[PDB]
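The next block holds one structure in the form of structure tokens; read it before the comments.
Number of protein chains: 2
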Amino acid sequence: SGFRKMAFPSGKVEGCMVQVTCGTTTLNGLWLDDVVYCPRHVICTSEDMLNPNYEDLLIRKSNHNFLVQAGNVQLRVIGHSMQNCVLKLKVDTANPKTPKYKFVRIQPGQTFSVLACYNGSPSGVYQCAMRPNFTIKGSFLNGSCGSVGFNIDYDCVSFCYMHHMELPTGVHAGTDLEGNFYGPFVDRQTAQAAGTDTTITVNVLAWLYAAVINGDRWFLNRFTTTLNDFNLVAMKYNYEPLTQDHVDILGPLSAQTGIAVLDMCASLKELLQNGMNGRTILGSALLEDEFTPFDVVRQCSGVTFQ
Amino acid sequence: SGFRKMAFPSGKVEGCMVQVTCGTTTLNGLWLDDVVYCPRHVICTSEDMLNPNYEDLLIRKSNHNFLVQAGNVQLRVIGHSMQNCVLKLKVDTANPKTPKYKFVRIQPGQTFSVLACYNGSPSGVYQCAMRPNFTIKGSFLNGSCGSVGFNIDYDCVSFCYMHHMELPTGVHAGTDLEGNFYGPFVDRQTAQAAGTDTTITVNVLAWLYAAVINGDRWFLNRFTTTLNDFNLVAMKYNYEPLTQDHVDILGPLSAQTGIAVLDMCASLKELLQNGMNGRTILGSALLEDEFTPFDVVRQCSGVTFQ
Ligand SMILES: CCOc1cc2ncc(C#N)c(Nc3ccc(F)c(Cl)c3)c2cc1NC(=O)/C=C/CN(C)C
Ligand SMILES: CCOc1cc2ncc(C#N)c(Nc3ccc(F)c(Cl)c3)c2cc1NC(=O)/C=C/CN(C)C
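In the order they appear, the protein sequences are chains A and A'. A prime marks a further copy of an entry chain.
According to the authors' numbering, the first sequence holds residues 1 to 306 in order.
According to the authors' numbering, the second sequence holds residues 1 to 306 in order.
Structure below.
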């Protein structure tokens, strides 16, 4: 019993974190096999970041300008290239701690764990979601760039996020491990604003199922609804529209609890229209949207990794 | 920017987790040097747990009855003893992944990270606090016993919690690594109820400082208070009394923000008396009490480990 915001164990990723310094800038890199991946803005001054021409800035850099350090030991850089917004630094030694891994570009609404690092050293681990506006709500200070987000399934680490930028409003933007930004964001210090922070409806429903499983059941009611009715309410409250695909994904939680998805939708509708009247659900006074259906099943079932 | 419920990186602890099976019961153990620590109730049936005589049950167990497996490899048990509510299984091989470590008995109000495990395999990591009533609000299923809680400072892992029991109300009880339960709880399946879940006042104040640092400042007001005045309010709302020791511990956050501790207390007083009027602080609609002053400084400053 109990339901917590839970991250994946981070050891497999800790063993891949290195420090990358180019001139005056230090950030973190990800060492997998004989390649270190890091944000291309390692090559910029803070002057450069207003309007950088990365191809021109890179011309002045050679292999020996990229100082890569794994713990106390220096790595020898034997090549470098730019791929979208990341650099790939080829080193002469394969990381002996390289786990089984994949690079995945996640969809908005999916969750992942972040290992926040500074100077190639781990500071902490927490759970995030790719928001519908393609930002994440992380915890990142100067020097955290190149920290990564990931999921684990049994023994395989799927890396999905590398941290690049903080917007003036305090939320975060980054790339996949191919160096393509999520959303419209760019690696320049400019006027870029986030769009509407829409709530991830299917995740809220999953968390209501988690609540029922764990004995929080005061919000269950005598009502049902339809997809189209419920979506009229979702729209008013800036929730994502619920689709039949979402209903299908909630099938397993519906079967476990015996609560039809549309009945749970009717509970959510009343919560949106009436609020929580000073009560809590799983220790929260708001409707939580950063647990996916798979996260709920996983945590409620004890799935393990390594 | 950003403030998240953040756990310590878990790799140092992942490398210590093993599976322990005694007869029909499997749970997790902690392998440090040549000793495996686990809950003594590994020796019980579910029959036995209503009224177990552990000394008598242990008489029927020999070294070869404790099956200890680290990943895919079996460990040879060369001795065993009971210390309070834990067993210490001496094995013939020191754990090559043993980190620098200490055993610490934490005080109520202090926080720690939990690595939830099943069958000796890590499932996830999350952050907890020792509540004033000596329970923790974790996420633990059958098979998670022997999972541990810990803090890290640079390279040293301070283990403070081993999981033993779930109370009928869904909260959790366990021991330190010497096998002494936190609070009055016992390792029998009996009528034991938790006392009042008091809110950790100094932690709420720390989190309000974290909020100010991160730009959430709507709750600041024109008022101040005194320790004795504020505590009249703390008492009504089942908050721990604030002491001068707590004020002193908040000194560094007071200095960073320029907000006197007692002025912040006056903000908290208004929040307790008026509620949050539908607003949020650091993404929460309630007053968060599981960040310590040290947690706030650490997360806001980027401290690292390994
Ligand atoms: C930790 C001990 O093992 C389990 C404990 C559980 N405790 C509670 C609930 C609940 N409720 C579980 N299952 C569950 C079901 C369906 C749901 F939708 C939800 Cl949320 C939860 C549990 C599942 C566990 N383990 C498995 O399911 C293992 C299966 C593996 N096979 C493919 C071979
Ligand atoms: C990640 C890059 O490094 C830092 C970034 C910071 N960003 C914001 C704030 C803020 N605000 C910080 N400090 C801080 C101060 C006092 C407070 F009370 C709070 Cl909460 C936060 C920061 C501290 C950092 N690093 C250090 O403090 C290192 C010192 C080590 N020496 C002993 C040698």
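A virtual CB, placed ideally from N, CA and C, is assigned to each residue, including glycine.
Length of the line joining the Cα atoms of residue i and residue j
| i | j | result |
| --- | --- | --- |
| A'/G79 | A'/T21 | 15 angstroms |
| A'/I59 | A'/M130 | 34 angstroms |
| A/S267 | A/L242 | 14 angstroms |
| A/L167 | A'/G215 | 13 angstroms |
| A/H172 | A'/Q299 | 16 angstroms |
| A'/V233 | A'/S254 | 21 angstroms |
| A'/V73 | A'/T93 | 12 angstroms |
| A'/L87 | A'/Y37 | 6 angstroms |
| A'/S121 | A'/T198 | 34 angstroms |
| A/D245 | A/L262 | 13 angstroms |
| A'/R222 | A'/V13 | 47 angstroms |
| A/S46 | A/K61 | 17 angstroms |
| A/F112 | A'/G11 | 17 angstroms |
| A/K97 | A/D34 | 11 angstroms |
| residue 332 of chain A' | A'/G109 | The requested residue 332 of chain A' is not part of the displayed model; chain A' covers only 1 to 306. |
| A'/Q306 | A'/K5 | 20 angstroms |
| A'/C145 | A/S301 | 15 angstroms |
| A'/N203 | A'/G29 | 31 angstroms |
| A/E288 | A/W207 | 7 angstroms |
| A/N53 | A/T24 | 18 angstroms |
Span of the alpha helix (DSSP H), counted from its first residue to its last, around residue i
| i | result |
| --- | --- |
| A/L208 | 201-213 |
| A/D153 | Run containing A/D153: none in the alpha helix (DSSP H); it sits in the beta strand (DSSP E), 148-153. |
| A/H64 | Looking at the DSSP string, A/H64 is not in any alpha helix (DSSP H), and its letter there is neither H nor E. |
| A/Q244 | 244-249 |
Residue i Cβ short of 7 angstroms to ligand 2 heavy atom set
| i | result |
| --- | --- |
| A/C145 | no |
| A'/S46 | no |
| A'/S301 | yes |
| A/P122 | no |
| A/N142 | yes |
| A'/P252 | yes |
| A/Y37 | no |
| A'/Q256 | yes |
| A'/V157 | no |
Range covered by the beta strand (DSSP E) that runs through residue i
| i | result |
| --- | --- |
| A'/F294 | Run containing A'/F294: none in the beta strand (DSSP E); it sits in the alpha helix (DSSP H), 293-301. |
| A/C16 | Careful: A/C16 lies outside any beta strand (DSSP E) and carries neither H nor E. |
| A'/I59 | A'/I59 -> not in any beta strand (DSSP E); alpha helix (DSSP H) instead, spanning 54-59. |
| A'/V36 | 35-39 |
| A/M162 | 156-166 |
| A'/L227 | That residue, A'/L227, is in no beta strand (DSSP E); its alpha helix (DSSP H) goes 227-236. |
| A'/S81 | 77-83 |
Coarse secondary structure for residue i, derived from DSSP in three states
| i | result |
| --- | --- |
| A/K102 | strand |
| A/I259 | coil |
| A'/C44 | coil |
| A/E178 | coil |
| A'/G29 | strand |
| A/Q189 | coil |
| A/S123 | strand |
| A'/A94 | coil |
| A'/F112 | strand |
| A'/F140 | coil |
| A'/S284 | strand |
| A'/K269 | helix |
| A/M130 | coil |
| A'/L89 | strand |
Near ligand 1: residue i beta-carbon under 7 angstroms from a heavy atom
| i | result |
| --- | --- |
| A/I213 | yes |
| A/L177 | no |
| A/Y154 | no |
| A'/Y126 | no |
| A'/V20 | no |
| A/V296 | yes |
| A'/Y118 | yes |
* Residues from the stretch 151-174 of chain A' in contact with chain A, defined by Cβ distance under 8 angstroms -> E166, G170, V171, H172
* Any residues in the stretch 107-122 of chain A' with a beta carbon nearer than 8 angstroms to a beta carbon of chain A? Which ones, in chain order? -> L115, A116, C117, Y118, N119, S121, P122
* In the stretch 198-210 of chain A', which residues sit with their C-beta less than 7 angstroms from some C-beta in chain A, listed in chain order? -> none
* Got a sec: which bits of the stretch 254-278 of chain A' sit with their beta carbon under 9 angstroms from any beta carbon on chain A, in order along the chain? -> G275, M276, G278
* To do: Check each residue of the stretch 122-139 of chain A: if its Cβ is closer than 7 angstroms to any Cβ of chain A', include it; give the result in chain order.
  => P122, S123, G124, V125, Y126, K137, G138, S139
* To do: Note down, in chain order, all residues in the stretch 7-33 of chain A with a beta-carbon under 9 angstroms from any beta-carbon belonging to chain A'.
  => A7, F8, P9, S10, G11, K12, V13, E14, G15, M17
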